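J.: Would you mind keeping the following structure in view while I ask a few things?
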Amino acid sequence: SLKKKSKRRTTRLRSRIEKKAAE
Amino acid sequence: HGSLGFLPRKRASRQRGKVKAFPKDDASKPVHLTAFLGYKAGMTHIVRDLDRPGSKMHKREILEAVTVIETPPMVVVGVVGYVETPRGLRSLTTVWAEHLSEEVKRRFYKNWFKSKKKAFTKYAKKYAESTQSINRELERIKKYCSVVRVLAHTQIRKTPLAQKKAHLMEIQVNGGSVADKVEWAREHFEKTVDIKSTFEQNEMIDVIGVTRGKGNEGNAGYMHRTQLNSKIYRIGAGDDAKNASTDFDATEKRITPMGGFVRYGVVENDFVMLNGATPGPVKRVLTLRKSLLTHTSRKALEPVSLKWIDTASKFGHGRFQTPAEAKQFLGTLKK
Amino acid sequence: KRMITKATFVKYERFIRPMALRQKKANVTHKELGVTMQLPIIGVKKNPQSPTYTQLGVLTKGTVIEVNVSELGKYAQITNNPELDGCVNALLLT
Amino acid sequence: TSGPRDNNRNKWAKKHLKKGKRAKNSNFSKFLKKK
RNA sequence: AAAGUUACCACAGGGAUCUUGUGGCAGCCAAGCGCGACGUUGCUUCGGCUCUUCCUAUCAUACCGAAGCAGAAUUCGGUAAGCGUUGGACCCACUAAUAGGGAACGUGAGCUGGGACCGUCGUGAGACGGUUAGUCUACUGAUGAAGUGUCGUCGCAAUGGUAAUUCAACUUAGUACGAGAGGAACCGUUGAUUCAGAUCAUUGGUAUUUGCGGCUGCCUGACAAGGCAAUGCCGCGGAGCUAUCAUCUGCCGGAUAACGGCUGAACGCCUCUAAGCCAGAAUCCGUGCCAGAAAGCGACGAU
RNA sequence: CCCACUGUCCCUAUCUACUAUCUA
RNA sequence: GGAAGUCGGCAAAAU
RNA sequence: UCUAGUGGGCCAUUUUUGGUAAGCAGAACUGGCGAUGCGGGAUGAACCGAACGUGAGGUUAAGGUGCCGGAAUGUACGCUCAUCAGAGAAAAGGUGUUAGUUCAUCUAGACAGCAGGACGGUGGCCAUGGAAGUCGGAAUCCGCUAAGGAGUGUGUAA
């Protein structure tokens with residue numbers, strides 16, 4: 001992070017990001 | 001709860017209050033001491049004129065409770081040299097006096113009576129035989145070390161205390177060059193340094209010591225504490241009979257209250273009277289140090305002239321300063 | 001519970017129609033004139049969402065409602081959502 | 001009110017060190033030193 | 001003769017089961033890509049006490065910016081969570097202020113307050129039952145064996161914690177300023193609130209000092225003498241404990257934010273910024289204060 | 001509601017026994 | 001000081 | 001001929017049906033899992049490789065080669081400085097940087113900067129204590145030039 005927030009994301013969060021990118 | 005700066009609330013790991021900071025050294029100032037060791041005897045109440053400009057009791061008198069600490073002259077038995085290193089101060093070497101009194105020799109032993117009294121025997125032998133080693137060590141301190149602390153011990157025999165072990169400690173020698181401090185320590189070897197020479201009853205000093213234990217509470221008590229800005233009101237001399245006699249009172253008397261100090265005894269040596277309360281109960285050793293940072297406001301700068309010092313019987317409801325005037329007022333007893 | 005959750009206009013009354021949700025005046029904007037006039041809601045012609053809503057007189061998007069046009073009765077279609085906008089904003093059928 | 005870390009208060013403390021302090025304390029140490 | 005219809009439908013059964021500060025609608029434009037932004041026209045069960053911390057989306061305290069901001073008292077806007085944010089019944093008064101929130105069932109193993117099935121009788125209607133069914137760790141302190149030959153003294157300080165807060169009074173003043181009405185501020189100074197750490201000179205409280213005295217009753221045939229009574233009762237009572245019911249003390253350096261500037265290019269001008277550099281907040285980091293690594297260490301004494 | 005009263009409270013403090021604790 | 005405590009004179013002392 | 005076991009689902013692609021504040025909902029489609037360990041993705045039911053007797057040697061896939069970690073702190077060319085770098089909130093904003101694309105001036109002297117002009121009818125016309133270009137409302141003409149407006153703003157009671 002170092003900023004305020006973790007760059008690394010939750011695995012279910014990544015997948016739904018992929019889903020949101022698809023639709 | 002209280003302040004979080006004092007936790008973890010645990011017992012102090014020392015009976016004698018250790019100095020954790022000394023006033024900053026100055027080459028402009030000549031060579032002197034900064035700390036002293038005394039024993040708490042109790043306090044009385046005194047009447048003092050109030051020369052406080054801008055106050056509502058200006059040119060008046062108030063009653064102040066003032067703690068009395070017996071401070072017999074301290075004996076310098078050695079010197080310690082400190083060299084600054086990238087990991088902090090480090091004790092480079094230590095030089096002791098040739099002859100050490102039994103009061104300070106008792107410190108090194110848990111059982112002085114059963115001991116063979118062998119402390120510093122070969123040290124005294126080598127001191128008398130060859131002084132080249134002592135000269136080499138003192139030259140080492142004045143050449144390499146940047147901080148000099150003199151080993152001094154208290155004359156506990158003069159105090160009315162059953163304890164015979166002297167509270168040896170170090171006093172940082174602030175002032176002058178390092179050579180000046182070394183010369184000062186060598187001249188003062190085996191001699192005595194007096195509180196009259198250290199403090200002079202009108203400056204603003206700090207008192208440090210361990211508080212009294214209150215037992216177990218839902219640990220509470222017996223902790224190292226540092227009181228700041230405790231003003232000296234009078235450095236009385238033990239030999240002088242006018243120590244407790246002011247200029248407005250006369251009435252030749254001694255600082256020890258009639259009936260004696262409760263659980264301490266009678267003060268016979270030089271005493272110090274400090275305004276307000278100080279940590280620790282009676283007969284506990286207290287340490288005094290100079291002001292680390294210079295701050296003399298009107299309270300810390302105004303001169304003080306005592307008017308009357310109470311010496312009534314602190315044991316019970318005492319009502320007579322001295323047995324002399326007590327017998328003058330009271331009718332003649334059967335004895 | 002059983003109550004009408006949408007703004008409407010005021011056995012058969014099985015549900016409950018809130019008085020606060022009910023509206024009586026509609027802001028109808030004329031097409032040719034391009035002016036918004038606040039006319040009373042004479043009645044609800046037909047609600048395409050549900051005939052029961054039409055029977056209950058629920059004011060919804062696309063619902064036909066008749067309002068007085070004497071000062072300008074004519075029908076009009078509600079082009080807004082009264083449940084969200086908070087006002088019965090409709091456009092005249094002319 | 002301003003706290004003890006007030007930058008101006010530290011400045012005024014520095015100014016008053018050489019006005020009502022310092023010299024009268026240095027010689028005060030000197031007197032008991034020559035004692 | 002009956003038949004269709006029911007989203008006016010009602011009674012049983014079967015299936016299904018991120019968020020915050022900008023209104024909408026209709027037109028006129030409309031950079032542009034039939035839409036079309038900014039603009040423009042209309043009209044209108046929950047609920048609250050304590051507690052711990054934490055967030056700042058800051059009520060007060062500190063410092064700045066702006067405003068017809070003379071002064072004073074304000075208003076708005078920045079940095080800012082260090083420090084606070086009461087006492088009683090929509091109030092109330094105090095107060096510098098009585099800010100908003102989180103701990104998704106804030107803290108109910110801190111705390112409290114404001115039935116289902118079946119049956120039976122039943123039209124448009126509701127009741128009178130039989131079964132029933134709940135499930136070591138952390139922190140606070142306290143010792144402590146041990147490398148360092150052994151024991152001891154005097155110290156070093158890696159690291160961890162931190163603390164002070166707010167107000168009104170004097171002077172500067174009835175000056176600056178103001179037609180007048182009014183009326184500042186800085187330096188310096190004295191007190192008081194809140195909090196923190198101590199202390200028991202004095203004062204109050206405390207009584208198993210069963211310390212002294214007095215009273216009641218009891219027991220020795222009497223006098224006296226004593227002894228008593230689960231601490232019989234009363235007065236005083238050291239010592240100790242204790243009390244914002246008593247008393248003391250509560251620190252200094254830089255670096256910054258907002259912001260004000262200096263030199264100065266970019267961009268032959270200019271510019272507080274780009275490289276650089278000052279001034280500057282109750283902020284930050286140190287100092288001071290507390291702890292001392294129980295597997296960090298030094299000097300020294302003896303053997 | 002008025003009056004009186006009191007550690008209910010501001011704000012707790014002290015004493016006593018028992019408990020609690022350790023030992024066999 | 002005297003119910004300001006707490007939803008409240010609950011318990012004590014007063015009588 | 002006869003005789004066991006199976007009659008679920010999950011995930012994903014594509015087409016399509018409507019869509020809806022936004023999600024999604026309905027089919028079909030063949031896949032992957034399901035019966036299945038292994039390499040990699042830091043860790044993993046669904047991602048990239050690969051499918052299995054016990055071993056030796058060689059070589060690869062996917063992914064990697066600063067150190068933890070086996071393997072170049074390789075080679076070549078560029079971009080980027082973040083006082084919260086990097087490994088849907090979207091319309092935009094930025095005197096942040098780099099390339100281009102288009103259009104403009106330019107020895108008749110490019111910008112920029114210095115030295116000036118920046119005029120005459122005319123104070124055009126109204127307005128009102130007054131506004132002479134710059135309280136304001138309509139006009140917006142003009143002669144001279146190298147060029148000067150019925151004036152770009154400051155300013156002025158004007």
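Going by the structure tokens order, chains are called A, B, ..., each with residues numbered from 1, while ligands are numbered from 1 in the order shown.
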Could you pull out the residues in segment 85-259 of chain B that DSSP calls alpha helix (DSSP H) from the backbone, as a VMD selection string?
T.: chain B and resid 102 to 105 121 to 129 132 to 144 178 to 187 195 to 198
J.: Go ahead and dump the residues you just picked, N, CA and C atoms, as a compact mmCIF listing (two decimals), in the first residue's frame.
T.:
```
# COMPACT_ATOMS: atom_id res chain seq x y z
N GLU B 102 35.07 3.37 56.16
CA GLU B 102 34.27 2.16 56.31
C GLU B 102 32.84 2.37 55.83
N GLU B 103 32.36 3.61 55.85
CA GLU B 103 31.00 3.88 55.38
C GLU B 103 30.85 3.53 53.90
N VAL B 104 31.84 3.90 53.08
CA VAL B 104 31.77 3.58 51.66
C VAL B 104 32.27 2.18 51.36
N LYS B 105 33.14 1.61 52.21
CA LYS B 105 33.56 0.23 52.00
C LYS B 105 32.44 -0.74 52.32
N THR B 121 42.24 -3.29 49.02
CA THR B 121 43.51 -3.54 49.70
C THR B 121 44.68 -3.44 48.74
N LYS B 122 44.68 -4.27 47.69
CA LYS B 122 45.75 -4.19 46.70
C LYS B 122 45.71 -2.87 45.93
N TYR B 123 44.53 -2.27 45.80
CA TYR B 123 44.45 -0.95 45.16
C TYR B 123 45.19 0.09 45.98
N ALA B 124 45.00 0.07 47.30
CA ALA B 124 45.74 0.98 48.17
C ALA B 124 47.23 0.66 48.14
N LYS B 125 47.58 -0.62 48.09
CA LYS B 125 48.98 -1.02 48.02
C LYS B 125 49.64 -0.47 46.76
N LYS B 126 49.00 -0.67 45.60
CA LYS B 126 49.58 -0.18 44.35
C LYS B 126 49.55 1.34 44.27
N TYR B 127 48.56 1.97 44.91
CA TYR B 127 48.54 3.43 44.96
C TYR B 127 49.75 3.98 45.70
N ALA B 128 50.08 3.37 46.85
CA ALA B 128 51.22 3.84 47.63
C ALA B 128 52.54 3.48 46.96
N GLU B 129 52.61 2.30 46.33
CA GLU B 129 53.86 1.85 45.73
C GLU B 129 54.23 2.71 44.53
N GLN B 132 52.64 6.10 39.05
CA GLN B 132 52.67 6.25 37.59
C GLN B 132 51.37 5.75 36.97
N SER B 133 50.81 4.66 37.49
CA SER B 133 49.54 4.15 36.97
C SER B 133 48.42 5.15 37.20
N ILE B 134 48.38 5.77 38.38
CA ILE B 134 47.36 6.78 38.67
C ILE B 134 47.54 7.98 37.75
N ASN B 135 48.79 8.42 37.55
CA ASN B 135 49.04 9.53 36.64
C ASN B 135 48.65 9.17 35.21
N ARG B 136 48.93 7.93 34.79
CA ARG B 136 48.54 7.49 33.45
C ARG B 136 47.03 7.49 33.29
N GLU B 137 46.30 7.03 34.30
CA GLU B 137 44.85 6.97 34.20
C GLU B 137 44.23 8.37 34.21
N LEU B 138 44.72 9.25 35.08
CA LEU B 138 44.19 10.61 35.11
C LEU B 138 44.51 11.36 33.82
N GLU B 139 45.71 11.16 33.27
CA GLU B 139 46.02 11.74 31.97
C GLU B 139 45.12 11.15 30.89
N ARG B 140 44.78 9.87 31.01
CA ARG B 140 43.86 9.25 30.06
C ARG B 140 42.49 9.92 30.10
N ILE B 141 41.98 10.19 31.30
CA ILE B 141 40.65 10.78 31.44
C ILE B 141 40.63 12.20 30.87
N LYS B 142 41.63 13.01 31.24
CA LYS B 142 41.66 14.40 30.79
C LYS B 142 41.96 14.53 29.31
N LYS B 143 42.50 13.49 28.68
CA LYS B 143 42.84 13.55 27.26
C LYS B 143 41.73 13.00 26.37
N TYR B 144 41.10 11.90 26.78
CA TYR B 144 40.12 11.21 25.95
C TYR B 144 38.69 11.45 26.39
N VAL B 178 38.06 19.59 30.29
CA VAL B 178 38.16 18.25 30.88
C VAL B 178 39.35 18.18 31.83
N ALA B 179 40.46 18.84 31.47
CA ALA B 179 41.60 18.90 32.37
C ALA B 179 41.24 19.60 33.68
N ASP B 180 40.44 20.66 33.59
CA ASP B 180 40.03 21.38 34.80
C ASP B 180 39.22 20.48 35.73
N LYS B 181 38.31 19.68 35.17
CA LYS B 181 37.54 18.75 35.98
C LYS B 181 38.44 17.71 36.64
N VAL B 182 39.42 17.20 35.89
CA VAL B 182 40.34 16.20 36.44
C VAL B 182 41.16 16.80 37.57
N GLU B 183 41.68 18.01 37.38
CA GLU B 183 42.44 18.67 38.44
C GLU B 183 41.56 18.92 39.66
N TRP B 184 40.31 19.32 39.44
CA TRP B 184 39.39 19.55 40.55
C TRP B 184 39.16 18.26 41.34
N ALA B 185 38.97 17.14 40.64
CA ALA B 185 38.74 15.87 41.32
C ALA B 185 39.97 15.43 42.10
N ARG B 186 41.17 15.61 41.53
CA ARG B 186 42.38 15.20 42.22
C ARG B 186 42.62 16.02 43.48
N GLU B 187 42.38 17.33 43.41
CA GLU B 187 42.53 18.17 44.59
C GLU B 187 41.53 17.80 45.67
N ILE B 195 27.28 21.00 50.97
CA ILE B 195 26.11 21.49 50.26
C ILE B 195 26.09 23.01 50.23
N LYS B 196 26.70 23.65 51.23
CA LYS B 196 26.82 25.11 51.20
C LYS B 196 27.65 25.55 50.00
N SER B 197 28.62 24.74 49.59
CA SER B 197 29.43 25.05 48.42
C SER B 197 28.71 24.72 47.12
N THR B 198 27.70 23.85 47.17
CA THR B 198 27.00 23.41 45.96
C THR B 198 25.77 24.27 45.67
```
J.: So how far away is atom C1' of residue 166 of chain E from atom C1' of residue 60 of chain E, in Å?
T.: 9.8 Å
J.: Which one is closest to residue 305 of chain B: B:230, B:201, B:93, B:159? Count only C-alpha atoms.
T.: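 Counting only C-alpha atoms, the residue closest to residue 305 of chain B is B:201.
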J.: With only C-alpha atoms (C1' of nucleotides) as the counted atoms, please give the residues lying no more than 12 Å from residue 13 of chain D, apart from itself and same-chain residues fewer than 3 positions off, as a PyMOL selection string.
T.: (chain B and resi 293-297) or (chain D and resi 4-10+16-22) or (chain E and resi 187+251-253)
J.: Identify, on the basis of only C-alpha atoms (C1' of nucleotides), every residue whose closest approach to segment 51-56 of chain C does not exceed 9 Å; exclude the query and any residue fewer than 6 positions from it along the same chain; express the result as a PyMOL selection string.
T.: (chain C and resi 8-10+12-13+17+44-45+63-64) or (chain E and resi 7-8)
J.: Dump as a Markdown table the rows for residues of chain E within 10 Å of chain D: closest atom pair and distance in Å with one decimal, only C-alpha atoms (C1' of nucleotides) counted, ordered by chain and rising residue number.
T.:
```
| residue | atom | partner | partner_atom | distance |
| --- | --- | --- | --- | --- |
| E:61 | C1' | D:1 | CA | 6.7 |
| E:62 | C1' | D:2 | CA | 6.3 |
| E:82 | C1' | D:3 | CA | 9.6 |
| E:83 | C1' | D:3 | CA | 9.9 |
| E:96 | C1' | D:1 | CA | 9.8 |
| E:164 | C1' | D:3 | CA | 8.6 |
| E:165 | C1' | D:3 | CA | 8.5 |
| E:166 | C1' | D:1 | CA | 7.0 |
| E:167 | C1' | D:1 | CA | 8.5 |
| E:187 | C1' | D:12 | CA | 8.8 |
| E:251 | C1' | D:4 | CA | 8.3 |
| E:252 | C1' | D:10 | CA | 7.6 |
| E:253 | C1' | D:10 | CA | 8.4 |
| E:254 | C1' | D:7 | CA | 9.9 |
| E:280 | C1' | D:7 | CA | 9.3 |
| E:281 | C1' | D:6 | CA | 9.0 |
| E:282 | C1' | D:3 | CA | 5.9 |
```
J.: Considering only C-alpha atoms (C1' of nucleotides), return as JSON, numbers by chain whatever protein or nucleic-acid residues lie within 9 Å of residue 77 of chain C, sequence-local ones (same chain, fewer than 3 positions apart) excluded.
T.: {"C": [61, 62, 63, 64, 65, 66, 90, 91, 92, 93]}
J.: Could you work out how far atom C1' of residue 185 of chain E lies from atom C1' of residue 68 of chain E, giving the answer in Å with one decimal?
T.: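 We find that atom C1' of residue 68 of chain E and atom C1' of residue 185 of chain E lie 22.2 Å from each other.
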J.: Do me a favour and pick out the residues of chain B within 12 Å of chain D, using only C-alpha atoms, as a PyMOL selection string.
T.: chain B and resi 26-34+173-176+184+193-204+290-291+293-298+300-302
J.: May I have the residues within 12 Å of segment 40-42 of chain C as a PyMOL selection string, using only C-alpha atoms (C1' of nucleotides) and disregarding those fewer than 3 positions away in the same chain?
T.: chain C and resi 8-10+22-28+37+45+57-59+64-71+73-76+78+88-90
J.: Hey, can you spit out that residue selection with N, CA, C and O atoms as a CSV table (one decimal), in the first residue's frame?
T.:
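Output saved as result_5.csv:
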```
chain,number,residue,atom,x,y,z
C,8,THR,N,-50.3,7.8,-5.9
C,8,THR,CA,-51.5,7.5,-6.6
C,8,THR,C,-52.4,8.8,-6.5
C,8,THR,O,-51.9,9.8,-6.0
C,9,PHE,N,-53.6,8.7,-7.1
C,9,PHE,CA,-54.5,9.8,-7.1
C,9,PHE,C,-55.9,9.3,-6.5
C,9,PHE,O,-56.3,8.2,-6.8
C,10,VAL,N,-56.5,10.2,-5.6
C,10,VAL,CA,-57.7,9.8,-5.0
C,10,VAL,C,-58.8,10.8,-5.5
C,10,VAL,O,-59.3,10.6,-6.6
C,22,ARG,N,-50.4,10.2,-1.9
C,22,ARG,CA,-51.4,10.6,-2.9
C,22,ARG,C,-51.1,12.1,-3.3
C,22,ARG,O,-50.8,12.9,-2.5
C,23,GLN,N,-51.4,12.3,-4.6
C,23,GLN,CA,-51.2,13.7,-5.2
C,23,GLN,C,-52.5,14.1,-5.9
C,23,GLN,O,-53.2,13.2,-6.5
C,24,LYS,N,-52.8,15.4,-5.8
C,24,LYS,CA,-54.0,15.9,-6.4
C,24,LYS,C,-53.8,16.9,-7.6
C,24,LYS,O,-54.7,17.1,-8.4
C,25,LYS,N,-52.6,17.5,-7.6
C,25,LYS,CA,-52.3,18.5,-8.7
C,25,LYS,C,-51.1,18.0,-9.5
C,25,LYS,O,-50.1,17.5,-8.9
C,26,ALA,N,-51.1,18.1,-10.8
C,26,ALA,CA,-50.1,17.7,-11.7
C,26,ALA,C,-49.6,18.8,-12.5
C,26,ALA,O,-50.4,19.7,-13.0
C,27,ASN,N,-48.3,18.9,-12.7
C,27,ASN,CA,-47.6,19.9,-13.6
C,27,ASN,C,-47.6,19.4,-15.0
C,27,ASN,O,-46.8,18.5,-15.3
C,28,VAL,N,-48.5,19.8,-15.8
C,28,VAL,CA,-48.6,19.4,-17.2
C,28,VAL,C,-48.0,20.4,-18.1
C,28,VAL,O,-48.4,21.6,-18.1
C,37,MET,N,-48.2,24.1,-16.8
C,37,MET,CA,-49.3,24.6,-16.0
C,37,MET,C,-49.7,23.6,-15.0
C,37,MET,O,-49.7,22.4,-15.2
C,45,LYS,N,-56.8,7.9,-16.5
C,45,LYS,CA,-57.4,7.2,-17.6
C,45,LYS,C,-57.0,5.8,-17.7
C,45,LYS,O,-57.9,4.9,-17.6
C,57,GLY,N,-55.8,4.1,-9.5
C,57,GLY,CA,-55.4,5.4,-9.8
C,57,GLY,C,-54.0,5.7,-9.4
C,57,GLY,O,-53.7,6.8,-9.0
C,58,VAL,N,-53.1,4.8,-9.6
C,58,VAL,CA,-51.7,4.9,-9.3
C,58,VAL,C,-51.0,5.8,-10.4
C,58,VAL,O,-51.0,5.4,-11.6
C,59,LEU,N,-50.3,6.9,-10.0
C,59,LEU,CA,-49.6,7.7,-10.9
C,59,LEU,C,-48.2,7.2,-11.1
C,59,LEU,O,-47.4,7.3,-10.2
C,64,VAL,N,-51.8,7.3,-18.3
C,64,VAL,CA,-52.7,8.4,-18.9
C,64,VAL,C,-53.6,8.9,-17.8
C,64,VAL,O,-54.3,8.1,-17.1
C,65,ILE,N,-53.6,10.2,-17.6
C,65,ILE,CA,-54.4,10.9,-16.6
C,65,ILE,C,-55.1,12.1,-17.3
C,65,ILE,O,-54.5,12.8,-18.1
C,66,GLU,N,-56.4,12.3,-16.9
C,66,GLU,CA,-57.1,13.4,-17.4
C,66,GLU,C,-57.1,14.6,-16.4
C,66,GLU,O,-57.2,14.4,-15.2
C,67,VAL,N,-56.8,15.8,-17.0
C,67,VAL,CA,-56.7,17.0,-16.2
C,67,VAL,C,-57.6,18.1,-16.8
C,67,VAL,O,-57.8,18.0,-18.1
C,68,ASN,N,-58.0,19.0,-16.0
C,68,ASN,CA,-58.8,20.1,-16.6
C,68,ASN,C,-58.0,21.0,-17.5
C,68,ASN,O,-56.9,21.3,-17.1
C,69,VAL,N,-58.6,21.4,-18.6
C,69,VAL,CA,-57.9,22.2,-19.6
C,69,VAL,C,-58.7,23.4,-19.9
C,69,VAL,O,-58.5,24.1,-20.9
C,70,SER,N,-59.7,23.7,-19.0
C,70,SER,CA,-60.6,24.9,-19.2
C,70,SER,C,-59.8,26.2,-19.2
C,70,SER,O,-60.0,27.1,-20.0
C,71,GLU,N,-58.9,26.3,-18.3
C,71,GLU,CA,-58.0,27.5,-18.2
C,71,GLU,C,-57.0,27.6,-19.3
C,71,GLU,O,-56.5,28.7,-19.5
C,73,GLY,N,-61.3,19.5,-20.2
C,73,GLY,CA,-60.5,18.4,-19.8
C,73,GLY,C,-59.9,17.6,-20.9
C,73,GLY,O,-60.5,17.2,-21.9
C,74,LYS,N,-58.6,17.3,-20.7
C,74,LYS,CA,-57.8,16.6,-21.7
C,74,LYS,C,-56.9,15.6,-21.0
C,74,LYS,O,-56.5,15.8,-19.8
C,75,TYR,N,-56.6,14.5,-21.7
C,75,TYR,CA,-55.7,13.5,-21.2
C,75,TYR,C,-54.2,13.9,-21.4
C,75,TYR,O,-53.9,14.7,-22.2
C,76,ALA,N,-53.4,13.2,-20.6
C,76,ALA,CA,-52.0,13.5,-20.6
C,76,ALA,C,-51.2,12.2,-20.1
C,76,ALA,O,-51.7,11.5,-19.3
C,78,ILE,N,-47.9,10.6,-18.2
C,78,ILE,CA,-46.9,10.9,-17.2
C,78,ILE,C,-45.6,10.4,-17.7
C,78,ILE,O,-45.3,9.2,-17.8
C,88,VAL,N,-45.7,15.3,-9.8
C,88,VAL,CA,-46.4,14.6,-10.9
C,88,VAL,C,-46.2,15.5,-12.2
C,88,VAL,O,-46.9,16.4,-12.6
C,89,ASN,N,-45.0,15.2,-12.8
C,89,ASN,CA,-44.6,15.9,-14.0
C,89,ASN,C,-45.0,15.1,-15.2
C,89,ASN,O,-44.5,14.0,-15.5
C,90,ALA,N,-46.0,15.7,-16.0
C,90,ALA,CA,-46.5,15.0,-17.2
C,90,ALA,C,-46.5,16.0,-18.4
C,90,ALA,O,-46.3,17.2,-18.2
```
J.: One decimal, in Å: what's the spacing between atom CA of residue 18 of chain C and atom CA of residue 87 of chain C?
T.: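 Value for the atom CA of residue 18 of chain C-atom CA of residue 87 of chain C distance: 15.5 Å.
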J.: Identify, on the basis of only C-alpha atoms (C1' of nucleotides), every residue whose closest approach to residue 23 of chain E does not exceed 12 Å; exclude the query and any residue fewer than 2 positions from it along the same chain; express the result as a VMD selection string.
T.: (chain C and resid 80 to 82 84 to 87 89) or (chain E and resid 25 44)
J.: Since we have the selection now, will you write its residues out, keeping C-alpha atoms (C1' of nucleotides), as a PDB file, in the first residue's frame?
T.:
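Produced file out16.pdb, reproduced below:
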```
ATOM      1  CA  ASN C  80     -41.698  11.073 -15.099  1.00  0.00           C
ATOM      2  CA  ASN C  81     -41.589   8.810 -12.043  1.00  0.00           C
ATOM      3  CA  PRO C  82     -43.642  10.424  -9.242  1.00  0.00           C
ATOM      4  CA  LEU C  84     -38.809   9.247  -7.192  1.00  0.00           C
ATOM      5  CA  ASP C  85     -39.126  12.788  -8.571  1.00  0.00           C
ATOM      6  CA  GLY C  86     -41.680  13.778  -5.921  1.00  0.00           C
ATOM      7  CA  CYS C  87     -43.810  15.756  -8.398  1.00  0.00           C
ATOM      8  CA  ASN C  89     -44.615  15.950 -14.015  1.00  0.00           C
TER       9      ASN C  89
ATOM     10  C1'   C E  25     -40.371  17.077 -16.744  1.00  0.00           C
ATOM     11  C1'   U E  44     -43.293  24.023  -7.894  1.00  0.00           C
TER      12        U E  44
END
```
J.: Write out as a VMD selection string all residues of segment 225-293 of chain B that DSSP puts in strand (DSSP E) for this structure's backbone.
T.: chain B and resid 225 to 236 271 to 275 285 to 289
J.: Could those selected residues go to a file with N, CA and C atoms, as a compact mmCIF listing (two decimals), in the first residue's frame?
T.:
```
# COMPACT_ATOMS: atom_id res chain seq x y z
N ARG B 225 10.49 8.81 41.00
CA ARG B 225 9.81 10.04 40.61
C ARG B 225 10.80 11.19 40.60
N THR B 226 10.45 12.23 39.85
CA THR B 226 11.29 13.41 39.67
C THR B 226 10.43 14.66 39.87
N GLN B 227 10.60 15.32 41.01
CA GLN B 227 9.95 16.61 41.24
C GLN B 227 10.81 17.73 40.68
N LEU B 228 10.20 18.60 39.89
CA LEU B 228 10.88 19.73 39.29
C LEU B 228 10.52 21.01 40.03
N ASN B 229 11.47 21.95 40.06
CA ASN B 229 11.26 23.28 40.61
C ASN B 229 10.83 23.22 42.08
N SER B 230 11.74 22.72 42.91
CA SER B 230 11.58 22.75 44.36
C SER B 230 12.58 23.77 44.91
N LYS B 231 12.07 24.88 45.45
CA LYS B 231 12.91 25.99 45.85
C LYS B 231 13.52 25.75 47.22
N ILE B 232 14.83 26.00 47.33
CA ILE B 232 15.50 25.96 48.63
C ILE B 232 15.18 27.23 49.39
N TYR B 233 14.76 27.08 50.64
CA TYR B 233 14.47 28.24 51.48
C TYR B 233 15.61 28.59 52.42
N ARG B 234 16.39 27.61 52.86
CA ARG B 234 17.48 27.86 53.79
C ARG B 234 18.41 26.65 53.82
N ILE B 235 19.70 26.89 53.62
CA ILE B 235 20.71 25.86 53.87
C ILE B 235 21.33 26.15 55.23
N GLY B 236 20.76 25.56 56.28
CA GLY B 236 21.22 25.81 57.63
C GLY B 236 22.46 25.00 57.96
N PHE B 271 21.41 21.15 57.04
CA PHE B 271 20.10 20.76 56.55
C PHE B 271 19.66 21.69 55.43
N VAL B 272 18.73 21.20 54.61
CA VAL B 272 18.17 21.95 53.50
C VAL B 272 16.65 21.96 53.64
N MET B 273 16.05 23.13 53.50
CA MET B 273 14.61 23.30 53.65
C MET B 273 14.02 23.67 52.30
N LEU B 274 13.18 22.79 51.76
CA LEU B 274 12.60 22.94 50.43
C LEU B 274 11.10 23.19 50.54
N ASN B 275 10.60 24.12 49.74
CA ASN B 275 9.18 24.44 49.77
C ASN B 275 8.36 23.28 49.23
N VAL B 285 16.59 8.23 51.53
CA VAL B 285 17.57 9.06 50.84
C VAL B 285 16.92 9.74 49.64
N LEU B 286 17.19 11.03 49.48
CA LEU B 286 16.73 11.80 48.34
C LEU B 286 17.93 12.41 47.63
N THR B 287 17.79 12.60 46.32
CA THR B 287 18.84 13.18 45.51
C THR B 287 18.39 14.54 44.99
N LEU B 288 19.30 15.50 44.99
CA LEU B 288 19.03 16.85 44.50
C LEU B 288 19.93 17.13 43.30
N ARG B 289 19.36 17.77 42.28
CA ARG B 289 20.11 18.13 41.09
C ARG B 289 19.77 19.56 40.70
```
J.: Within 8 Å of chain B, which residues of chain E are there when counting only C-alpha atoms (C1' of nucleotides)? Please give them as an MDAnalysis selection string.
T.: chainID E and resid 141 152:157 161:163 170 189:191 196:199 201:202 238 247:252 289:291 298:302
